[PDB]
Structure formats: structure tokens, C-alpha cells
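In the text below, chain A, chain B and the rest are named by the order of the sequence lines, each starting its count at 1.
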Amino acid sequence: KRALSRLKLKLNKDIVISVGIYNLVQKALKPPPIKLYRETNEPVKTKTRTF
Amino acid sequence: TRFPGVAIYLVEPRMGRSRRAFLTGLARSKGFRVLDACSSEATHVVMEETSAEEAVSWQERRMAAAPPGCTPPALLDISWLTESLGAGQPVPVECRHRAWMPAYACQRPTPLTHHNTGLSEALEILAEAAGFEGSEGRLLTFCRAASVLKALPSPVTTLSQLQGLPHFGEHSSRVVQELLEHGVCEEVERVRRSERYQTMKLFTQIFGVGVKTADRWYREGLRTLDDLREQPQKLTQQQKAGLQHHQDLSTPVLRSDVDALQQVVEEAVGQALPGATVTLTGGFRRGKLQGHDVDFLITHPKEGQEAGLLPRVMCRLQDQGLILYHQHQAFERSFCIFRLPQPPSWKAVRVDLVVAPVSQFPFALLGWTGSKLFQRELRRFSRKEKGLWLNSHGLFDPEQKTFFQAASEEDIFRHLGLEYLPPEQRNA
DNA sequence: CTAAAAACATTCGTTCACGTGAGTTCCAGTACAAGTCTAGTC
DNA sequence: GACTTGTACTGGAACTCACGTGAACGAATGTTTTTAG
Ligand SMILES: Nc1ncnc2c1ncn2[C@H]1C[C@H](O)[C@@H](COP(=O)(O)NP(=O)(O)OP(=O)(O)O)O1
Ligand SMILES: [Mg+2]
């Protein structure tokens with residue numbers, strides 16, 4: 001269990017109540033793939049350069 | 001090449017293959033000359049996202065493989081190449097593009113005469129004040145700082161020279177800074193001018209009067225030397241003897257008196273037991289010209305004969321009529337007040353005699369020749385680093401219950417893995 | 001002049017790359033407490 | 001006072017989760033233009 005955000009419901013500029021938002025229904029995805037060097041199966045990184 | 005006087009070489013390690021290829025292609029398009037492989041023809045080299053120091057490491061590894069006499073290229077950054085490509089011509093090169101003093105005093109020789117007399121005197125005064133206050137640790141640390149300052153090969157003129165010196169914290173650094181910047185230090189004068197310091201120094205010089213007795217007298221209202229003589233009923237033999245011969249014992253001794261006393265003691269020991277050998281230890285063995293007492297060590301090269309030498313020699317000297325004070329009026333130690341007749345009359349000078357067999361002779365000599373601070377530091381180093389216990393009698397190993405006797409003092413230092421120092425270099 | 005084929009335009013699901021906010025937990029740094037400072041004789 | 005050892009605190013970084021932007025790729029479906037007979 002984890003709160004996506006803790007927000008403030010404002011009935012009026014002077015009246016504020018703290019609330020928390022949760023996702024009781026979330027889509028399921030496969031774990032992200034990770035790139036590996038072919039020759040040694042050592043993890044690699046991707047760097048983006050603009051020039 | 002449009003510019004025959006320019007030869008640019010890139011670096012693969014950090015830039016990468018693709019970036020190197022693109023930059024080389026762009027430079028070739030712009031008419032520049034780019035060398036595929038490093039060679040002597042290269043005049044400038046460009047790095048990228050590399051620290052300057054690391055770049056130097058690259059240069060040296062390339063210098064060893066080049067013929068001698070070749071002018072080294074000039075280090076440059078990718079910014080230079082980018083600016084040159086953007087402006088269309090090579091831009092001018094600018095700045096952007098382009099074991100020690102061991103803590104222990106036993107490891108550092110300390111000559112008697114140094115170039116930091118004032119600072120050492122101030123630190124000694126502070127240490128004496130701390131000792132009077134009753135804090136032994138403060139005295140020890142101040143003495144260590146003074147000793148460190150004493151061993152400096154060159155005079156100290158700027159605070160930056162105190163960084164690497166051990167046993168130099170906030171207080172000592174501040175004291176030295178005050179001494180250097182303004183000359184006389186405020187704290188030193190404040191402590192010295194204090195009446196308590198002066199009266200404690202006056203009382204301590206009395207033979208048989210320590211710090212505790214001096215403080216007790218100070219808190220009892222006793223402030224002057226004469227006041228002590230007004231109540232000669234709360235003083236032991238030592239205090240009475242010291243107070244009576246105060247002026248005589250206040251004068252530092254000279255070397256001629258040492259020679260006369262040595263001759264007298266040599267005659268006494270020779271007549272008492274034949275073959276006795278006497279060695280002069282203490283400050284006078286370290287090269288000092290002045291002292292407070294004369295210290296001797298008596299031994300017999302043959303093993304097992306100095307069982308009761310000292311009482312016989314002491315009683316013989318007393319019969320001769322020279323001992324004003326004997327510690328005990330079988331012992332192997334005594335301090336006295338000799339009666340030296342001056343050639344012009346006589347003056348009282350203290351003399352200490354200690355006996356030790358030949359087996360324990362080197363240890364006794366080492367323990368009775370070096371300074372107090374040097375002995376403390378050597379014993380601490382032996383106990384902590386090497387785990388052995390060193391005392392005036394011998395060196396002992398808690399693990400193996402066997403003594404480490406030796407036939408010479410050099411072996412004592414050799415066993416501890418320490419460079420030998422002469423007696424003149426053991427001053428604090 | 002008409003029909004077939006090629007090219008172009010728009011939409012849709014999926015995967016990948018990065019960036020950014022929020023919540024939870026670990027850890028490396030900093031502060032402070034306490035011990036030590038030499039060894040012996042008398 | 002200076003150093004060494006041990007304990008406690010704690011603010012930030014790392015990690016995870018979730019969403020949004022931008023791009024490529026296949027894939028489709030439809031629509032428009034060009035060329036052959
Ligand atoms: N507290 C101590 N701890 C260890 N060893 C010590 C010691 N005190 C002395 N020794 C050792 C080392 C000492 O060298 C020796 C006795 O020396 P002194 O006669 O007490 N003082 P000196 O004659 O050297 O100098 P000056 O003429 O200025 O008074 O015993
Ligand atoms: Mg002496």
C-alpha cells in the first residue's frame with residue numbers, strides 16, 4: 001500500500017482538508033528489459049547526446 | 001592540408017568512436033588536418049570531459065614511446081576545437097584551453113640548539129602552568145608540541161608550516177599564530193605575570209617540594225620564601241635541607257665542577273672496590289654545558305660483584321666529609337648534596353648515584369641518559385606499536401616470558417626497529 | 001477516356017527513450033561520550 | 001589538550017512507482033495521382 005499523492009481538498013479558501021489518493025486498480029506490465037553486452041552479458045547504459 | 005602548421009589529434013577513451021568520427025569528418029570538411037594515429041607530427045591534442053591531472057597521465061605514457069628531443073604537444077580541450085570549427089579558423093590558445101615528522105619523538109632527532117627558541121620557551125611556560133594547575137595531559141601535550149617545534153630543520157615563519165606537524169591542535173596553533181603575528185603572545189604574558197605561577201615556580205625549586213606541597217602552601221597563605229623560614233616545624237628533612245642551601249642549589253652547574261666531582265667519585269669507587277667503572281649520564285651526556293645536578297652510573301664489567309657497592313662508597317665519602325645530605329641519613333639509588341670546595345669556600349651541588357649490573361647496564365644507560373620526554377615517548381612507542389614493555393632494567397615481552405637483554409645500547413634500538421640516535425640528538 | 005497500380009495521408013497499438021514528481025528506506029557523514037597519556041623507588 | 005575508540009542521530013540519496021512527451025515501426029485502411037491500353 002502506498003499513497004500516490006497527499007492533496008488538499010478546498011471547500012473554500014479558508015476550509016482545507018488533507019486527503020490521500022490511491023490506485024485500487026492498476027494495469028500490470030512486464031518488467032522493463034535491460035540491455036546486456038553480447039560478449040560478456042555485462043549490463044550496459046544508454047547515454048543521449050545532442051550536438 | 002590548408003594549414004600546414006596545424007596537426008590535430010583526438011582521443012578515443014572518453015569521446016567515443018562515434019563522436020571521434022563525427023569530429024574528424026567535420027574538421028576534414030573544414031580543411032583541417034587530423035591525424036588518424038598519434039605521431040610526432042601531432043602539434044595539439046584535444047581531450048573531452050577529462051580532468052587535467054588525468055590528461056597528464058595520458059601525455060607521459062606517450063612521451064616514453066617518442067624519440068628524445070621532440071617538442072611535446074600542447075594539451076587542449078574540446079572547447080578549443082569547437083570554437084575553431086565555429087569561427088572557421090584556429091582560435092588563439094588561452095588559459096582555459098591549456099613517514100613525515102613521526103608523532104613519536106623517538107623517530108625524529110632533536111638537536112640541543114634549535115631555531116625556535118622563543119616558541120619553545122612559550123610552550124614550556126604554558127606546560128609548566130598546566131602542570132601547576134594539576135592537568136598532566138595538558139603538560140604532556142604542550143611538551144610534545146614544544147619538542148615538535150624543536151626538531152624543525154628550518155625556522156618557522158608562516159603558519160602554513162604547522163599543517164603537517166603532529167600534536168598541533170587549535171590551542172597550540174593559536175598560540176604560535178599570536179607569537180608570530182604580534183611577537184609577544186597575550187596568553188603567555190597573562191599566565192606568566194600571574195602571581196600564582198611565580199610563587200609556584202619559586203616553591204618548586206626548593207629541594208623536596210613538589211607541586212602538591214607548593215599548592216598546599218599557596219592556599220595556606222604562604223607567599224614568600226622568608227615566610228617558610230618563619231615556621232621551621234612543618235618541613236621534613238628534604239625541605240629543610242633544600243631551603244637552607246637555596247642559593248647554592250639555585251646556581252646552574254658548570255663543566256669544571258662536573259669534572260672535579262667525577263674525579264672525586266672515581267677515586268672513591270676505585271678505593272672502595274677495584275675495577276669499578278663510572279659513567280656520566282643525564283643532561284651532561286647529551287652535550288649540555290649547564291645543568292641542575294650531576295648524575296652517574298656505577299657498574300662492574302665482571303658479573304655479580306656490585307651487591308652492596310653503593311652503601312660502602314657513600315659511607316666512605318661521608319667519612320671523607322663531603323655529603324651534606326644522604327637519602328637514607330641494600331639500595332641501588334641515592335641523591336645527595338655534595339660539598340664542593342671552590343679553588344678560591346664551597347658550594348652545594350646535587351649528585352645522584354645509581355648502580356646496575358653489566359647485564360642491565362645498557363638499559364640503565366639508555367634510561368638515565370635521554371630526556372624525560374624522549375624516554376616517555378620511547379616507552380609509549382614500545383608498549384603500543386611493538387607490544388613490548390621497556391624499563392630501566394630490561395625489555396620484556398608479555399607473550400613470551402623471556403628478557404631481551406643485550407650487550408650494547410645500539411641493539412636496544414635495533415630490536416625495536418628504530419634508527420639509532422646519539423645522546424646529543426635525544427634532547428626532548 | 002477508363003481501369004489498375006503506385007504513392008500519400010491519417011489513425012492505432014505497441015515498444016523504447018527520456019524527464020519529473022512523490023513516497024519509503026538505507027547509509028555515510030557528523031556530533032558527542034569516554035579512555036589514555038611511562039616507569040620505578042623510597 | 002590531542003588523539004583514539006565507540007555510540008547515537010539524521011538529512012540526503014537511492015530506489016521504486018506512476019505519469020507524460022516524443023519518436024519509430026508495423027500495420028492497416030482509405031484516398032489521390034499517374035500511367036497503360
Ligand atoms: N619523570 C621521569 N620519567 C622517566 N625518566 C626520567 C624521569 N625523570 C628523569 N628520568 C631519567 C632521564 C633523565 O635524564 C635522568 C635524570 O635526569 P635529571 O637529573 O632528573 N634531569 P637532567 O639532569 O637530565 O637535566 P638538568 O641538568 O636540566 O636538571 O633520569
Ligand atoms: Mg641529574
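Listed pair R379(B) / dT38(C) fails the phosphate criterion, with no side-chain N or O lying under 4.0 Å from OP1 or OP2. For the OP1/OP2 pair of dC18(C) and a distance below 4.0 Å, the side-chain nitrogens and oxygens of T46(A) include at least one atom meeting the criterion. Between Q26(A) and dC19(D) there is a side-chain N or O to OP1 or OP2 distance below 4.0 Å. For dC37(C), one of the phosphate oxygens OP1 or OP2 lies less than 4.0 angstrom from a side-chain nitrogen or oxygen of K384(B). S172(B) has no side-chain polar atom (N or O) that falls below the 4.0 Å cut-off from OP1 or OP2 of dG1(D). Within the structure, every side-chain polar atom (N or O) of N391(B) is placed at least 4.0 Å from both OP1 and OP2 of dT38(C). An OP1 or OP2 oxygen of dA39(C) is reached within less than 4.0 angstrom by no side-chain nitrogen or oxygen of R380(B).
The 5' end of DNA chain C is approached more closely, in terms of each residue's nearest nucleotide, by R6(A) than by the other of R6(A) and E136(B). Comparing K372(B) and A330(B) by the nucleotide of DNA chain C that holds the closest heavy atom to each, the one mapping nearer the 5' end is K372(B).
Computed from coordinates, the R376(B) CZ to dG40(C) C1' distance equals 14 Å when rounded to whole Å. As rounded to whole Å, 15 Å separates atom P of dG1(D) from atom CZ of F168(B). Atom pair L29(A):CG and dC19(D):P shows a separation of 10 Å (rounding to whole Å applied). We find that NZ of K1(A) is positioned 18 Å from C1' of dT16(D), with the value rounded to whole Å. For the pair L4(A) CG and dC19(D) P, the computed distance is 6 Å after rounding to whole Å. Per the geometry, CZ belonging to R138(B) stands 9 Å off P belonging to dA2(D), to the nearest Å. Going from atom CG of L395(B) over to atom P of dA39(C) covers 12 Å, rounded to whole Å. Per the geometry, CZ belonging to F331(B) stands 9 Å off P belonging to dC42(C), to the nearest Å.
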If you apply the rule side-chain hydrogen bond (donor to acceptor under 3.5 Å, both in side chains), what do you find for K347(B) with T251(B), and how did you get there?
CA-CA 9 Å; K347(B) 91 190 286 211; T251(B) 59; 3.2 Å; yes

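Across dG40(C), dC16(C), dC42(C), the shortest atom-to-atom separation from the side chain of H393(B) is found for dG40(C). Listed nucleotides: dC18(C), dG1(D), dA39(C). Nearest to the side chain of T48(A): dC18(C). Distances from the side chain of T141(B) to the nucleotides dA18(D), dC42(C), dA2(D) place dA2(D) closest.
Other residues, nucleotides and ligands contribute only 12 or fewer heavy atoms inside 6.0 Å of the CZ atom of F403(B). Surrounding CD of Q305(B) are more than 12 heavy atoms belonging to other residues, nucleotides or ligands, all under 6.0 Å away.
At a threshold of 4.0 angstrom between heavy atoms, the contacts of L140(B) include nucleobase atoms, whether or not backbone atoms are also involved. Within 4.0 Å of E170(B), counting heavy atoms only, lie sugar-phosphate atoms of the nucleic acid but no base atom. The residue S392(B) sits apart from the nucleic acid: no heavy atom pair falls under 4.0 Å. No engagement by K27(A) is indicated, since no non-hydrogen atom pair under 4.0 Å with the nucleic acid exists. Using a 4.0 Å heavy-atom criterion, one finds that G137(B) contacts the bases of the nucleic acid, with or without backbone contacts as well. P33(A) comes within 4.0 angstrom of the backbone, heavy atoms only, and of no base.
At distances below 3.5 Å, at least one donor-acceptor pair connects side-chain atoms of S194(B) with backbone N or O atoms of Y197(B).
Just one of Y104(B), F374(B), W389(B), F413(B) meets the ring pair (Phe, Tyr, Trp, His ring centres under 6.0 Å) condition when paired with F381(B); it is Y104(B).
The aromatic rings of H245(B) and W346(B) sit tilted relative to each other, their planes meeting at an angle between 30° and 60°.
Across all strands shown, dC42(C) forms no Watson-Crick or G-U wobble pair with both distances under 3.5 Å. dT5(D) is paired with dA33(C) under the Watson-Crick or G-U wobble criterion, all donor-acceptor distances under 3.5 Å. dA18(D) and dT20(C) make up a base pair, with Watson-Crick or G-U wobble contacts both under 3.5 Å.
By the 6.0 Å and 45° rule, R196(B) does not stack over the aromatic ring of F132(B).
Rounded to whole Å, the separation between the P atoms of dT38(C) and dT4(D) comes to 15 Å.
Remark: the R2(A) side chain and the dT24(C) base include no donor-acceptor N/O pair separated by less than 3.5 Å.
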